[PDB]
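Undergrad: I have a structure I would like to understand better, so I am pasting it below and will then ask my questions one at a time.
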Amino acid sequence: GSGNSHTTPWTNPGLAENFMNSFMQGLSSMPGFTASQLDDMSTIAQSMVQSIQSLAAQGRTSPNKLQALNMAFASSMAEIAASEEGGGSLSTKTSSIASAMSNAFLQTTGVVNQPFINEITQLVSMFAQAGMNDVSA
């Protein structure tokens with residue numbers, strides 16, 4: 001039904017595309033990251049989008065998926081955020097990630113989900129320093 005809150009960018013496979021594209025584009029212009037790392041985030045973008053593409057194509061996405069995919073791509077960016085190179089500390093990584101998503105969602109639907117951005121930045125920072133996505137742990 002109509003839920004005007006907690007809207008996650010993975011609700012629509014096309015929205016995910018627009019979101020992640022704008023994300024990886026804008027983030028490339030932000031500090032902390034190096035082009036070699038944006039190269040991988042490009043893959044993370046294409047991977048997540050295609051996953052949701054196939055998922056929504058032959059069926060649909062349940063709310064449970066949103067609360068899993070949010071920590072999934074956070075983990076794959078965590079390894080990149082913890083990557084040392086031209087850009088500096090991880091503190092500069094997560095802050096840029098946060099803003100990139102914000103600026104992205106403004107271009108796509110015009111409204112940004114701040115709780116989401118905070119949730120993601122918590123996950124990324126956590127998984128990066130823990131070095132795991134909770135498995136065999």
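Since every read-out is calculated from the coordinates, none of them should be taken as a lab result. Note that each Cβ is placed from the backbone with ideal geometry, even for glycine, and that neighbours are counted across all protein chains shown.
Undergrad: Hey, does the stretch 43-63 have a residue that's surrounded by fewer than 17 Cβ atoms within 10 Å (Cβ to Cβ), over 17 Å from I97 (Cβ atoms) and of a type in the set (D, E, K, R)?
TA: yes
Undergrad: Now, a different point. What do you reckon, is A104 within 15 Å of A16 (Cβ to Cβ) and either part of a loop (DSSP other than H, G, I, E, B) or small (G, A, S) (or both)?
TA: Values: within 15 Å of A16 (Cβ to Cβ): yes; either part of a loop (DSSP other than H, G, I, E, B) or small (G, A, S) (or both): yes.
In short, yes.
Undergrad: Please indicate, with yes or no, whether at least one residue in the stretch 69-84 is of a type in the set (S, T, N, Q), part of a loop (DSSP other than H, G, I, E, B), over 11 Å from the mean Cα position of the chain (by Cα) and closer than 20 Å to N118 by Cα. Talk me through it step by step, then tell me what you get.
TA: Filtering the stretch 69-84 for residues of a type in the set (S, T, N, Q) gives 70, 75-76, 83.
Of the ones still in play, those that are also part of a loop (DSSP other than H, G, I, E, B) are 83.
Keeping just the survivors that are over 11 Å from the mean Cα position of the chain (by Cα) gives 83.
Then drop every residue that is not closer than 20 Å to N118 by Cα, which leaves none.
Checking the stretch 69-84: not a single residue is of a type in the set (S, T, N, Q), part of a loop (DSSP other than H, G, I, E, B), over 11 Å from the mean Cα position of the chain (by Cα) and closer than 20 Å to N118 by Cα.
Undergrad: Still on this structure, please answer the following. Considering only residues of the stretch 37-68 that are free of Cβ contacts under 8 Å to residues at least 40 places away in the same chain and not in a helix (DSSP H, G or I), which is nearest to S89 (Cα to Cα)?
TA: That would be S62.
Undergrad: Taking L90 as the residue in question, decide whether it is over 20 Å from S36 (Cα atoms) and crowded, with 19+ Cβ neighbours inside 10 Å. Spell out how you get there, then give the answer.
TA: Values: over 20 Å from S36 (Cα atoms): no; crowded, with 19+ Cβ neighbours inside 10 Å: yes.
Answer is no for this residue.
Undergrad: Also: For the stretch 1-29: of the residues being in a loop (DSSP other than H, G, I, E, B) and within 13 Å of the chain's Cα centre (by Cα), which is surrounded by the fewest Cβ atoms within 10 Å (Cβ to Cβ)?
TA: So in the stretch 1-29, the residues in a loop (DSSP other than H, G, I, E, B) come out as 1-12, 28-29.
Next, only the ones that are within 13 Å of the chain's Cα centre (by Cα) stay: 8-10.
Working: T8: 19, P9: 24, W10: 24.
Checked the stretch 1-29; the qualifying residue surrounded by the fewest Cβ atoms within 10 Å (Cβ to Cβ) is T8.
Undergrad: Then there's this: Output the number of the condition that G32 fails; it satisfies all remaining conditions of (1) over 11 Å from the mean Cα position of the chain (by Cα); (2) under 18 Å from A78 (Cβ atoms); (3) in a helix (DSSP H, G or I).
TA: Condition not satisfied by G32: (3).
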